[PDB]
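Heads up, the thing below is written out as structure tokens.
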Amino acid sequence: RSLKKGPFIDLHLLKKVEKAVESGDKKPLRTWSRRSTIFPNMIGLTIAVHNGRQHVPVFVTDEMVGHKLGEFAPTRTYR
Amino acid sequence: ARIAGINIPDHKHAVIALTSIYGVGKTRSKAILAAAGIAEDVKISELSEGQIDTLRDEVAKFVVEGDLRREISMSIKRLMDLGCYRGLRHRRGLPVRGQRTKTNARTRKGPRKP
Amino acid sequence: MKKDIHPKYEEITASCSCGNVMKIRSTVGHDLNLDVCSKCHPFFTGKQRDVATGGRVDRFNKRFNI
Amino acid sequence: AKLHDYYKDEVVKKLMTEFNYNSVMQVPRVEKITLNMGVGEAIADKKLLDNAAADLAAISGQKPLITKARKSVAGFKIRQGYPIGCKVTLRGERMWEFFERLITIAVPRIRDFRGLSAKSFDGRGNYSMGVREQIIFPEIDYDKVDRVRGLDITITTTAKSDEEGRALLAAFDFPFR
Amino acid sequence: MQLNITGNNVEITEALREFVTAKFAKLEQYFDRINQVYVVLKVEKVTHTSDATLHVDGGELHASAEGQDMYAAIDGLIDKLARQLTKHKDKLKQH
RNA sequence: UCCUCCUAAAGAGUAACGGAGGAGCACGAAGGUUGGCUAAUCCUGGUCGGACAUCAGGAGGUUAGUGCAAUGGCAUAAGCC
RNA sequence: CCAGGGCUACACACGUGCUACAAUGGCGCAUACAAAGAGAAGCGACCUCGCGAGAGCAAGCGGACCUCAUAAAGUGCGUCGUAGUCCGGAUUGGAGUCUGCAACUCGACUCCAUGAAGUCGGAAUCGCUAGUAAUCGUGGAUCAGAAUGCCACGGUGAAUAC
């Protein structure tokens, strides 16, 4: 919807991908950067996005590269 | 007087009657018809079948009733199967673009329960 | 076949938009000048866009530019 | 009759080359095509079945038979012997000019026409499909109709299994998936 | 009649809410037909105080009553409102 | 008072405040004759249409039906036009 | 102190507003007349690009000079023919722009598509005595961005008071 020049990812997650893809599949990446986009470099890894009080594990599939990390991490619990 | 599957608007004007197709508003209909060269304020009862045939292939590039009803369903099938934020708002009948839900929320809910 | 109980069955001609004269006997008005027939319809050409439209990485690579 | 001799000079060779038949008469022949329009709302008004029977007299070329209720079931507010539907059976040559009216000028004119379903076979080799509106056929003019209903079309042949029923209709280039 | 119960430093329970509506069912039919109610409960370090604003076909009427344990406050509030409802009723009969 | 079964002991008949049910009509066609026809219920497929409406096909073989109880009948139909 | 979330949650109840339900109008084209106010990490012409929001280049201006800045309703012509309609602009999908480290939760705007309730509103209730009510546009403060609010400004302009 926005950010017409270049997708946004944080350096404390981007470099944490390239130390965790060439070294094999690793731990669920405990990250707080919901503001970052899903790049195709993380397809097939476990990511632990913070939703406010815990870290929900999300498995990055092939088709979520158009979205961001926080959209697969619901914040408010209803019923 | 048969375009893209039903299209049966008699004695309406040209750019107005074309918007009965699910897939075209007044902007595309004056863009579709200008690509075929017909004056836009003429009724379709005046149009002959030697002029309606130029309308049939021109509306075939912009997707219409048959597949446009399912491409917009392909997205909402995708989001509800993945489980994003907009998927769960689609899964529960709630507004998607972050509108107010405390008070109104009503054209998405429908009627009022109690 | 029984008399004065059926509607009239006349022999018609049907010409299409893509230029195919069809000769059927049917129950229509003056003549038939239809729109779509066994030819000039995408039921043998246009079914290739149902599943081969998605993908999210092919949308993403034109934003990458690196 | 334009496709009846088309049955006589291609598909009797085409089905025999596919199914290695020793005799000629064991190829599937098509007896009848029946057009059922189960109305159902005749219990509320008797008059709406009459214009429902006028559609079957327009799609085919002959007056339909009004079918009565067999038993008396209370789930649909009917008693037996009541007019509840109308059918028409086409045999001989009139069923052929309807069948190429169906496959050429009619089934392209249905909305959102994808490949028609192929698993809709009765288990003995008879085809059964249903259309959802009367305005597929150009005899109904979309100007004098009062309500939009549907009707069923059943094409029964002398095939013994189901894939001989698929082989016969696709030899007439029936639309499928 | 629509109740609107609200508490300032008195978080209303479920037994207290039905105690208000059963008491406000009394001063209902027995005195006047009314449109809309706003009930306000307050605790001010001694005084369990309860206010109420009734809306009727003529105008509005308000009463307040401070009490002992928030149950006698509403019991004194209804007797203050019921007398104002009979005074308003006979003001609109004049036979 | 009348009809049907059982009691009733393989002809008929056979009692009890024995066990179960019905009748006090209907019909000008629901009678006569000629001509023709064959159900119930499930299964698969099919517009709304489902556990069940109409259609097609198969299985089934009278488990249907009979103006009204029950018994005896009924396909040469006594059943359905 | 820091990150992330929340203050934006939604079976619901209420208060204040906005847009409406149309023909005293909608739309398309042509076109006439304002006041008040803001501007230096600011206002940003003209010229190019884009359907557009805007982008590039970039003068001018601490301002009766320059910029924001076309005022709109009105008027001229044409069309729609009383229909949920060429009314309504909600909702949702796709594609975009700007701001900011970052618009997922949770921004504004543009483009294409989708066209919901709504056909003048129950009991009840509100404001207004004249440049007022009712409508039309404009500007400001807050502010990176973000008003249908608020505070101001003018245009048209009533009815009625025994």
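Cβ sites come from the backbone with ideal geometry, for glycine too, and all protein chains shown count toward neighbours. Each reported figure results from applying straightforward, stated rules to the coordinates on display, with no laboratory input.
Could you please find all residues in segment C:1-33 being of a type in the set (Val, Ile, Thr), surrounded by 11 or more Cβ atoms within 10 Å (Cβ to Cβ) and at the interface with another protein chain (Cβ under 7 Å from one of its Cβ atoms)?
Matches in segment C:1-33: C:24, C:27, C:28.
Quickly run through segment C:34-66 and pick out the residues that are more than 9 Å from chain D (Cβ to nearest Cβ) and among the small types (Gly, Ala, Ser).
Scanning segment C:34-66 gives C:46, C:52, C:54, C:55.
If you take the residues in segment E:22-39 that are within 16 Å of RNA strand G (Cβ to nearest atom) and surrounded by fewer than 16 Cβ atoms within 10 Å (Cβ to Cβ), which one is farthest from residue E:88 (Cα to Cα)?
So, considering only residues that are within 16 Å of RNA strand G (Cβ to nearest atom) and surrounded by fewer than 16 Cβ atoms within 10 Å (Cβ to Cβ), the one farthest from residue E:88 (Cα to Cα) is E:36.
Which residue is farthest from residue D:15 (Cα to Cα), if the candidates are limited to segment D:154-177 and must be touching a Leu at 6+ places or on another chain (Cβ under 9 Å) and within 14 Å of chain C (Cβ to nearest Cβ)?
Checked segment D:154-177; the qualifying residue farthest from residue D:15 (Cα to Cα) is D:177.
Let's see how each residue does on (1) within 25 Å of residue C:14 (Cα to Cα); (2) more than 8 Å from RNA strand G (Cβ to nearest atom); (3) part of a helix (DSSP H, G or I); (4) β-branched (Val, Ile, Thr):
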site: B:27; (1), (2), (3), (4): no, no, yes, yes
site: B:41; (1), (2), (3), (4): no, no, no, no
site: B:54; (1), (2), (3), (4): yes, yes, yes, yes
site: B:57; (1), (2), (3), (4): yes, yes, yes, no
site: B:62; (1), (2), (3), (4): no, no, no, no
site: B:66; (1), (2), (3), (4): no, yes, yes, no
site: B:70; (1), (2), (3), (4): no, yes, yes, no
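So, in segment B:10-25, of the ones that are of a type outside the set (A, V, I, L, M) and under 16 Å from the mean Cα position of the chain (by Cα), which residue ends up farthest from RNA strand G (Cβ to nearest atom)?
B:20
Name every residue in segment E:45-74 that is outside any strand (DSSP E or B) and either more than 19 Å from residue E:34 (Cβ to Cβ) or among the hydrophobic types (A, V, I, L, M, F, W, C) (or both), in order of residue number.
If the condition is that a residue be outside any strand (DSSP E or B) and either more than 19 Å from residue E:34 (Cβ to Cβ) or among the hydrophobic types (A, V, I, L, M, F, W, C) (or both), then E:45, E:46, E:56, E:68, E:69, E:70, E:71, E:72, E:73, E:74 are the ones that fit.
Return yes when residue B:103 is of a type in the set (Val, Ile, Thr) and part of a helix (DSSP H, G or I) and no when it is not.
No: the conditions fail for residue B:103.
Determine if segment D:28-42 includes at least one residue that is farther than 23 Å from residue D:87 by Cα, in contact (Cβ under 8 Å) with a residue 12 or more places away in the chain and in contact with a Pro (Cβ under 9 Å, 6 or more places away or on another chain).
no
Only residues that are at the interface with another protein chain (Cβ under 10 Å from one of its Cβ atoms) and either closer than 20 Å to residue D:60 by Cβ or in contact with a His (Cβ under 7 Å, 6 or more places away or on another chain) (or both): list them for segment D:141-153, please.
D:141, D:142
Quick test for you: out of B:14, B:105, pick the one residue that is of a type outside the set (S, T, N, Q) and out of contact with any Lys or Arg (no Cβ under 9 Å at 6 or more places or on another chain).
Going through B:14, B:105 in turn, just one is of a type outside the set (S, T, N, Q) and out of contact with any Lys or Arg (no Cβ under 9 Å at 6 or more places or on another chain): B:105.
Which one is nearest to RNA strand G (Cβ to nearest atom) among residues in segment A:42-60 that are under 11 Å from the mean Cα position of the chain (by Cα) and within 23 Å of residue A:1 (Cβ to Cβ)?
A:50
Restricting the first residue to segment B:1-21 and requiring it to be away from every other protein chain (no Cβ under 14 Å), which pairs with a second residue that is among the hydroxyl-bearing types (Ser, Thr, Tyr) and surrounded by 15 or more Cβ atoms within 10 Å (Cβ to Cβ) meet a Cβ separation below 6 Å and a spacing of at least six or different chains?
B:15/B:29; B:18/B:29; B:19/B:29
Please verify whether segment D:55-62 includes one or more residues that are surrounded by fewer than 18 Cβ atoms within 10 Å (Cβ to Cβ) and under 26 Å from residue D:130 (Cα atoms).
Taking every residue of segment D:55-62 in turn, none turns out to be surrounded by fewer than 18 Cβ atoms within 10 Å (Cβ to Cβ) and under 26 Å from residue D:130 (Cα atoms).
Does at least one position in segment D:8-31 carry a residue that is surrounded by 14 or more Cβ atoms within 10 Å (Cβ to Cβ), within 14 Å of chain C (Cβ to nearest Cβ) and either near RNA strand F (Cβ under 8 Å from one of its atoms) or not basic (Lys, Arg) (or both)?
The answer is no; no qualifying residue exists.
How many residues, within segment B:72-83, are within 12 Å of chain A (Cβ to nearest Cβ) and near RNA strand G (Cβ under 7 Å from one of its atoms)?
Residues flagged as within 12 Å of chain A (Cβ to nearest Cβ) and near RNA strand G (Cβ under 7 Å from one of its atoms) within segment B:72-83 amount to 2.
Consider only pairs whose beta carbons are under 7 Å apart and that are at least six residues apart or on different chains; among these, list those whose first residue lies in segment B:78-97 and is on the phi > 0 side of the Ramachandran plot and whose second residue is away from RNA strand F (no atom under 16 Å from the Cβ).
B:83/A:72; B:93/B:108; B:93/B:109
I'd like to check something: does segment A:14-30 contain any residue that is within 13 Å of chain C (Cβ to nearest Cβ) and away from RNA strand F (no atom under 16 Å from the Cβ)?
So far as segment A:14-30 goes, yes, one or more of its residues are within 13 Å of chain C (Cβ to nearest Cβ) and away from RNA strand F (no atom under 16 Å from the Cβ).
Given the criterion among the aliphatic types (A, V, I, L, M) and under 26 Å from residue C:33 (Cα atoms), identify the matching residue among D:65, D:56.
None of the others qualify; the one that does is D:56.
Yes or no: segment B:80-92 includes at least one residue that is small (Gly, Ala, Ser) and part of a loop (DSSP other than H, G, I, E, B).
Yes; the residues of segment B:80-92 include at least one that is small (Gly, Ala, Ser) and part of a loop (DSSP other than H, G, I, E, B).
Restrict the check to segment D:125-136 and report whether at least one residue is surrounded by fewer than 14 Cβ atoms within 10 Å (Cβ to Cβ), within 14 Å of RNA strand F (Cβ to nearest atom) and within 14 Å of chain B (Cβ to nearest Cβ).
yes
Return the only residue of B:60, B:4, B:36, B:17 being more than 16 Å from RNA strand F (Cβ to nearest atom), on the phi > 0 side of the Ramachandran plot, of a type in the set (A, V, I, L, M) and surrounded by 12 or more Cβ atoms within 10 Å (Cβ to Cβ).
Checking each option against the conditions leaves just B:4.
Considering only segment D:91-117, state which residues are in contact with a strand residue (DSSP E or B) (Cβ under 7 Å, 6 or more places away or on another chain) and more than 11 Å from chain C (Cβ to nearest Cβ).
D:95
Residue by residue, here is whether (1) more than 15 Å from residue C:60 (Cα to Cα); (2) in contact with a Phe, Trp or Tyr (Cβ under 8 Å, 6 or more places away or on another chain); (3) touching a residue at least 12 places away in the same chain (Cβ under 8 Å) holds:
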{"residue": "A:46", "(1), (2), (3)": "yes, yes, yes"}
{"residue": "A:49", "(1), (2), (3)": "yes, yes, yes"}
{"residue": "A:53", "(1), (2), (3)": "yes, no, no"}
{"residue": "A:59", "(1), (2), (3)": "yes, no, yes"}
{"residue": "A:66", "(1), (2), (3)": "no, yes, yes"}
{"residue": "A:74", "(1), (2), (3)": "yes, yes, yes"}
{"residue": "A:77", "(1), (2), (3)": "yes, no, no"}
